[PDB]
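Q: Dropping a structure here in structure tokens format, bear with me for questions.
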Amino acid sequence: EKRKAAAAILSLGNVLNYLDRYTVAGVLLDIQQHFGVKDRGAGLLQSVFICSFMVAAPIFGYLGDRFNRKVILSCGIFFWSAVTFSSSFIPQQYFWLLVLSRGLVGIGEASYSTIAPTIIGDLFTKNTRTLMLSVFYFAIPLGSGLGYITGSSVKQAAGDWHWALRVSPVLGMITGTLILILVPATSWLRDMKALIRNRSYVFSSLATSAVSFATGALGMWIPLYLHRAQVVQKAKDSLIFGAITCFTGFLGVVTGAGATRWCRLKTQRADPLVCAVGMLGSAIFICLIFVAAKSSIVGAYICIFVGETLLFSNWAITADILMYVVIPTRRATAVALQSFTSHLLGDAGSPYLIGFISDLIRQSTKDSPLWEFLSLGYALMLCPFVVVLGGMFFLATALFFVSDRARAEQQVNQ
């Protein structure tokens, strides 16, 4: 029965992971004002972390089993929590030192972000495995919303990032203690070239990458769009959106669980197709939101409410597909390399690409705030098309999914 406790504590640790990733997506303006610094510094403080984590994902991948794992998970939680505990004290004299501070969480949390699913896989059988994996990825948006929640709570309470930068790391040390005592102790180039030759897992990686692109660009750029709307329609409600994202990620993950439960009795091709239709519908919603901005406010973000929840209905299924396809001896490298592909092709570049094409279109003609609305909407139309391409990638996996899950069982034999 102790496995249930293990799943619970890993899930809570993962929630802590995503909370302290997304926190500085909702207190960014305060620190920007405090250091008296440009927006490119903000781009640094939310991009160098992505770069560090994306490059150090494999350096724990090839570390898939090369040492005892429980120490790796405890080590990562403690070291990165101390990093943020330290960041809660840095002075005004130096800002690029804060850049490196919030960058270091990347390497220092690759630990929890890559290792943990492998323990989830080793520690369960199919049914409880997928249930606990569902909650374990429900971790993500829960912490997402909770990030903007912490930002709103501090800005309501005290106008300073000091009281928002210490709420997490204490919980971090708590999960460190428990994660060390409430879980059991359970060639590179050649193996990599062998891994790459798989022909479906690559498609799944591309797909999840496009999804991450979507969600990162969304998270950065929707609230400014809402600012533009409410200016046209004549803040704190943005972090009420943060809560909305929390609960709607809860809704999306339970939708994914129910969908796979209902369609498992159907053909095996359904689950990649389940995610495919999840992408199709979400993309359609985020396609229409741009004109729905005239109406979604009276509906209180109604369009995106279902859009991002339907989009967030493929995390767990993606993890399950990877769980099956790769050999357990290279499962860690599989997940880390997929995450690397996710950040490289996708979410990392989204802010800059949208902003740069948007500046292009704005510079094309005369500028008005309503024209700013129209132009940024026209530019952000790039995301829905990218994710419908991601959806047809899920389709291509599904058509390939029969013989490719056959290859997966072959790898199980291998």
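We label chains A, B, ... in the order they appear in the structure tokens, count residues from 1 in each chain, and number ligands from 1 in the order shown.
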Which residues are close to residue 101 of chain A, i.e. within 12 Å by only C-alpha atoms, leaving aside same-chain residues fewer than 2 positions away? Reply as a VMD selection string.
A: chain A and resid 44 to 46 48 to 49 52 79 to 90 94 to 99 103 to 108
Q: Please produce a file of those selected residues containing N, CA and C atoms, as a short mmCIF file (atom, residue, chain, number, x, y, z; two decimals), in the first residue's frame.
A:
```
data_model
loop_
_atom_site.label_atom_id
_atom_site.label_comp_id
_atom_site.auth_asym_id
_atom_site.auth_seq_id
_atom_site.Cartn_x
_atom_site.Cartn_y
_atom_site.Cartn_z
N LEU A 44 15.11 37.76 -20.52
CA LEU A 44 16.15 36.95 -19.90
C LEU A 44 15.60 36.12 -18.75
N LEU A 45 14.90 36.76 -17.82
CA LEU A 45 14.54 36.09 -16.57
C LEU A 45 13.45 35.06 -16.79
N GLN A 46 12.83 35.03 -17.96
CA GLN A 46 11.92 33.94 -18.28
C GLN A 46 12.39 33.11 -19.47
N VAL A 48 16.23 32.32 -19.97
CA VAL A 48 17.44 31.58 -19.68
C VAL A 48 17.12 30.36 -18.84
N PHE A 49 16.06 30.43 -18.03
CA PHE A 49 15.63 29.23 -17.31
C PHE A 49 15.23 28.14 -18.29
N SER A 52 18.46 26.68 -19.80
CA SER A 52 19.20 25.81 -18.89
C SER A 52 18.50 24.49 -18.71
N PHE A 79 18.35 21.49 -3.70
CA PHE A 79 19.26 22.51 -4.29
C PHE A 79 18.47 23.64 -4.96
N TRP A 80 17.47 23.29 -5.78
CA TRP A 80 16.71 24.35 -6.49
C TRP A 80 15.87 25.17 -5.51
N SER A 81 15.34 24.54 -4.45
CA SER A 81 14.57 25.30 -3.43
C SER A 81 15.51 26.30 -2.74
N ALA A 82 16.75 25.90 -2.45
CA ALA A 82 17.74 26.82 -1.85
C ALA A 82 18.02 27.95 -2.85
N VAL A 83 18.11 27.61 -4.14
CA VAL A 83 18.30 28.65 -5.19
C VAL A 83 17.20 29.71 -5.04
N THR A 84 15.93 29.31 -4.90
CA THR A 84 14.87 30.32 -4.82
C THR A 84 14.87 31.00 -3.47
N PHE A 85 15.16 30.25 -2.41
CA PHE A 85 15.36 30.84 -1.09
C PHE A 85 16.44 31.92 -1.13
N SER A 86 17.50 31.68 -1.91
CA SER A 86 18.54 32.68 -2.09
C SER A 86 18.05 33.84 -2.95
N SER A 87 17.32 33.54 -4.02
CA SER A 87 16.80 34.59 -4.88
C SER A 87 15.92 35.56 -4.11
N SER A 88 15.31 35.09 -3.03
CA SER A 88 14.46 35.93 -2.19
C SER A 88 15.25 36.99 -1.38
N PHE A 89 16.53 37.18 -1.68
CA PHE A 89 17.39 38.07 -0.93
C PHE A 89 18.31 38.91 -1.80
N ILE A 90 18.35 38.68 -3.11
CA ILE A 90 19.32 39.36 -3.98
C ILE A 90 19.07 40.87 -3.96
N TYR A 94 22.68 44.31 -8.54
CA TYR A 94 23.01 43.41 -9.64
C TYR A 94 21.76 42.70 -10.12
N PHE A 95 21.47 42.79 -11.42
CA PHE A 95 20.30 42.15 -12.01
C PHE A 95 20.66 40.89 -12.78
N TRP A 96 21.72 40.92 -13.59
CA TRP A 96 22.09 39.70 -14.31
C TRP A 96 22.43 38.58 -13.33
N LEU A 97 22.76 38.95 -12.10
CA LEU A 97 22.89 37.93 -11.07
C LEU A 97 21.54 37.31 -10.73
N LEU A 98 20.46 38.10 -10.77
CA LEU A 98 19.15 37.47 -10.68
C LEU A 98 18.86 36.65 -11.92
N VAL A 99 19.37 37.07 -13.07
CA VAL A 99 19.18 36.30 -14.29
C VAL A 99 19.74 34.90 -14.11
N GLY A 103 17.88 31.38 -13.67
CA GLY A 103 18.29 30.41 -14.67
C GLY A 103 18.63 29.07 -14.05
N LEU A 104 19.27 29.09 -12.88
CA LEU A 104 19.77 27.85 -12.30
C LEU A 104 18.68 26.87 -11.94
N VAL A 105 17.44 27.32 -11.74
CA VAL A 105 16.38 26.37 -11.48
C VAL A 105 16.22 25.40 -12.64
N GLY A 106 16.59 25.82 -13.84
CA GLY A 106 16.52 24.90 -14.98
C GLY A 106 17.30 23.62 -14.77
N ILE A 107 18.62 23.73 -14.63
CA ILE A 107 19.41 22.54 -14.34
C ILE A 107 18.99 21.95 -13.01
N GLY A 108 18.72 22.80 -12.01
CA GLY A 108 18.48 22.27 -10.69
C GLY A 108 17.14 21.62 -10.52
#
```
Q: Excluding residue 260 of chain A and any residue of its chain fewer than 2 positions from it, enumerate the residues within 12 Å of it, using only C-alpha atoms, and give them as a ChimeraX atom specification.
A: /A:127,130-131,134,253-258,262-275,278,313-314,316-318,320
Q: Output the selection as a compact mmCIF listing (two decimals), in the first residue's frame - N, CA and C atoms for each residue.
A:
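The resulting part26.txt:
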```txt
# COMPACT_ATOMS: atom_id res chain seq x y z
N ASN A 127 -3.39 0.00 -14.47
CA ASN A 127 -4.56 0.78 -14.08
C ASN A 127 -4.20 1.87 -13.07
N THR A 130 -1.85 4.45 -14.66
CA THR A 130 -2.40 5.56 -15.43
C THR A 130 -3.21 6.51 -14.55
N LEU A 131 -3.87 6.01 -13.51
CA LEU A 131 -4.60 6.91 -12.62
C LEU A 131 -3.65 7.86 -11.91
N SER A 134 -2.13 10.30 -14.24
CA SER A 134 -3.06 11.38 -14.53
C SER A 134 -3.00 12.45 -13.46
N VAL A 253 -7.52 17.67 -17.37
CA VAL A 253 -6.95 16.37 -17.04
C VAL A 253 -8.05 15.37 -16.71
N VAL A 254 -9.12 15.80 -16.04
CA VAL A 254 -10.19 14.84 -15.79
C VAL A 254 -10.90 14.49 -17.09
N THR A 255 -10.97 15.43 -18.03
CA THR A 255 -11.51 15.11 -19.35
C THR A 255 -10.65 14.07 -20.05
N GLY A 256 -9.33 14.21 -19.97
CA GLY A 256 -8.46 13.22 -20.57
C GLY A 256 -8.62 11.85 -19.94
N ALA A 257 -8.72 11.80 -18.61
CA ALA A 257 -8.91 10.53 -17.92
C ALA A 257 -10.23 9.88 -18.32
N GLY A 258 -11.32 10.64 -18.29
CA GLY A 258 -12.61 10.10 -18.69
C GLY A 258 -12.64 9.68 -20.14
N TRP A 262 -13.35 5.91 -21.42
CA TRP A 262 -14.49 5.59 -22.28
C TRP A 262 -14.06 5.01 -23.62
N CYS A 263 -12.96 5.49 -24.19
CA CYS A 263 -12.53 5.03 -25.51
C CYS A 263 -11.53 3.89 -25.47
N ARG A 264 -11.09 3.46 -24.29
CA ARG A 264 -10.21 2.30 -24.22
C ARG A 264 -10.93 1.05 -24.71
N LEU A 265 -12.23 0.94 -24.41
CA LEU A 265 -13.01 -0.18 -24.93
C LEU A 265 -13.11 -0.14 -26.44
N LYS A 266 -12.96 1.04 -27.04
CA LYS A 266 -12.97 1.18 -28.49
C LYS A 266 -11.60 0.77 -29.03
N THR A 267 -11.36 1.06 -30.30
CA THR A 267 -10.10 0.67 -30.93
C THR A 267 -8.93 1.38 -30.25
N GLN A 268 -7.77 0.72 -30.29
CA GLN A 268 -6.57 1.29 -29.66
C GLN A 268 -6.16 2.59 -30.32
N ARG A 269 -6.53 2.78 -31.59
CA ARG A 269 -6.17 3.99 -32.31
C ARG A 269 -6.86 5.22 -31.74
N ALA A 270 -7.85 5.04 -30.86
CA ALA A 270 -8.64 6.16 -30.38
C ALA A 270 -7.80 7.14 -29.56
N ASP A 271 -6.95 6.64 -28.66
CA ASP A 271 -6.27 7.53 -27.72
C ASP A 271 -5.39 8.56 -28.41
N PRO A 272 -4.50 8.20 -29.34
CA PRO A 272 -3.87 9.24 -30.17
C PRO A 272 -4.90 10.07 -30.92
N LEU A 273 -5.98 9.45 -31.40
CA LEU A 273 -7.05 10.23 -32.00
C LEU A 273 -7.82 11.04 -30.97
N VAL A 274 -7.91 10.55 -29.72
CA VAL A 274 -8.52 11.34 -28.65
C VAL A 274 -7.74 12.63 -28.47
N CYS A 275 -6.42 12.53 -28.37
CA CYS A 275 -5.61 13.73 -28.26
C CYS A 275 -5.71 14.56 -29.53
N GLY A 278 -8.75 16.50 -29.36
CA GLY A 278 -8.52 17.50 -28.34
C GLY A 278 -7.76 18.71 -28.87
N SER A 313 -5.69 18.09 -22.50
CA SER A 313 -6.26 16.76 -22.37
C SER A 313 -5.36 15.74 -23.04
N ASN A 314 -4.08 16.04 -23.16
CA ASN A 314 -3.15 15.12 -23.80
C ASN A 314 -1.86 14.89 -23.04
N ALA A 316 -1.25 13.43 -20.05
CA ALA A 316 -1.17 12.09 -19.50
C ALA A 316 -1.11 11.05 -20.59
N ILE A 317 -1.86 11.23 -21.67
CA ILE A 317 -1.85 10.25 -22.74
C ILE A 317 -0.49 10.23 -23.43
N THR A 318 0.12 11.40 -23.59
CA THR A 318 1.47 11.45 -24.15
C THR A 318 2.45 10.70 -23.27
N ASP A 320 1.79 8.31 -21.22
CA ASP A 320 1.47 6.89 -21.32
C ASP A 320 2.05 6.29 -22.60
```
Q: Against segment 186-204 of chain A, which residues of segment 88-179 of chain A fall within 10 Å? For each one I want the closest pair of atoms and the distance in Å (one decimal), counting only C-alpha atoms, rows by chain and increasing residue number, as a Markdown table.
A:
```
| residue | atom | partner | partner_atom | distance |
| --- | --- | --- | --- | --- |
| A:119 | CA | A:186 | CA | 7.5 |
| A:122 | CA | A:186 | CA | 8.1 |
| A:123 | CA | A:186 | CA | 8.1 |
```
Q: Could you jot down the atom CA of residue 389 of chain A to atom CA of residue 207 of chain A separation for me, Å, one decimal place?
A: 8.4 Å
Q: Could you give me, as a PyMOL selection string, the residues within 8 Å of residue 206 of chain A, counting only C-alpha atoms and dropping anything in the same chain fewer than 6 positions from it?
A: chain A and resi 341-342+345+390+393
Q: For C-alpha atoms, I'd like the residues from the last selection saved as a PDB file, in the first residue's frame.
A:
```
ATOM      1  CA  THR A 341      12.493  18.614 -28.319  1.00  0.00           C
ATOM      2  CA  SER A 342       9.459  20.246 -26.755  1.00  0.00           C
ATOM      3  CA  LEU A 345      10.875  23.385 -31.227  1.00  0.00           C
ATOM      4  CA  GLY A 390       0.130  19.234 -34.298  1.00  0.00           C
ATOM      5  CA  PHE A 393       0.594  14.907 -36.411  1.00  0.00           C
TER       6      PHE A 393
END
```
Q: As an exercise, work out the distance from atom CA of residue 177 of chain A to atom CA of residue 162 of chain A in Å and give it to one decimal place.
A: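 Calculated distance between atom CA of residue 177 of chain A and atom CA of residue 162 of chain A is 24.5 Å.
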Q: Could you tell me, as a PyMOL selection string, which residues of segment 1-196 of chain A DSSP assigns to helix (DSSP H, G or I) when given the backbone?
A: chain A and resi 2-25+28-35+39-45+48-61+69-87+96-122+126-157+161-163+167-181+188-196
Q: Per residue of segment 34-134 of chain A within 12 Å of segment 12-18 of chain A, note the shortest atom pair and the distance in Å to one decimal, counting only C-alpha atoms, and order the rows by chain and increasing residue number, as a tab-separated table.
A:
```
residue	atom	partner	partner_atom	distance
A:73	CA	A:13	CA	9.8
A:74	CA	A:13	CA	10.3
A:76	CA	A:17	CA	10.5
A:77	CA	A:13	CA	8.3
A:78	CA	A:13	CA	11.4
A:80	CA	A:17	CA	9.8
A:81	CA	A:17	CA	9.8
A:84	CA	A:17	CA	12.0
A:105	CA	A:17	CA	10.0
A:106	CA	A:17	CA	10.8
A:108	CA	A:17	CA	10.9
A:109	CA	A:17	CA	7.7
A:110	CA	A:17	CA	9.9
A:111	CA	A:17	CA	10.2
A:112	CA	A:14	CA	7.3
A:113	CA	A:17	CA	7.6
A:114	CA	A:14	CA	10.6
A:115	CA	A:14	CA	11.0
A:116	CA	A:14	CA	8.3
A:117	CA	A:14	CA	9.9
A:120	CA	A:14	CA	11.7
A:132	CA	A:12	CA	11.5
A:133	CA	A:14	CA	11.0
A:134	CA	A:14	CA	11.9
```
Q: Env of residue 384 of chain A: 12 Å cut, atoms = only C-alpha atoms, seq-sep filter 4 positions within chain, self excluded. Answer as a PyMOL selection string.
A: chain A and resi 210-211+213-215+217-218+279-290+307-308+311+377-380+388-391
Q: Would you mind reading off the distance between atom CA of residue 19 of chain A and atom CA of residue 140 of chain A, one decimal, in Å?
A: 7.8 Å
Q: From the options A:326, A:142, A:319, A:383, which residue's atoms come nearest to residue 410 of chain A, counting only C-alpha atoms?
A: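 With only C-alpha atoms as the atom set, the closest residue is A:326.
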Q: With distances taken over only C-alpha atoms, which residue among A:37, A:23, A:47, A:11 lies nearest residue 344 of chain A?
A: A:47
Q: When you look at residue 185 of chain A with a cut-off of 8 Å (counting only C-alpha atoms), what residues show up, excluding the ones that are within fewer than 5 positions of it in the same chain? I need them as a PyMOL selection string.
A: chain A and resi 68-70
Q: Those residues you just picked out, can you put them in a file as a PDB file, in the first residue's frame with N, CA, C and O atoms?
A:
```
ATOM      1  N   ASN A  68      21.977   5.885  -8.060  1.00  0.00           N
ATOM      2  CA  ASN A  68      20.764   5.742  -7.265  1.00  0.00           C
ATOM      3  C   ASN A  68      19.868   6.959  -7.450  1.00  0.00           C
ATOM      4  O   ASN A  68      20.340   8.095  -7.482  1.00  0.00           O
ATOM      5  N   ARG A  69      18.564   6.719  -7.575  1.00  0.00           N
ATOM      6  CA  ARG A  69      17.667   7.765  -8.050  1.00  0.00           C
ATOM      7  C   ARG A  69      17.080   8.615  -6.934  1.00  0.00           C
ATOM      8  O   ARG A  69      17.013   9.843  -7.065  1.00  0.00           O
ATOM      9  N   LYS A  70      16.654   7.991  -5.840  1.00  0.00           N
ATOM     10  CA  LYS A  70      16.016   8.751  -4.777  1.00  0.00           C
ATOM     11  C   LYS A  70      16.908   9.889  -4.311  1.00  0.00           C
ATOM     12  O   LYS A  70      16.421  10.982  -3.991  1.00  0.00           O
TER      13      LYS A  70
END
```
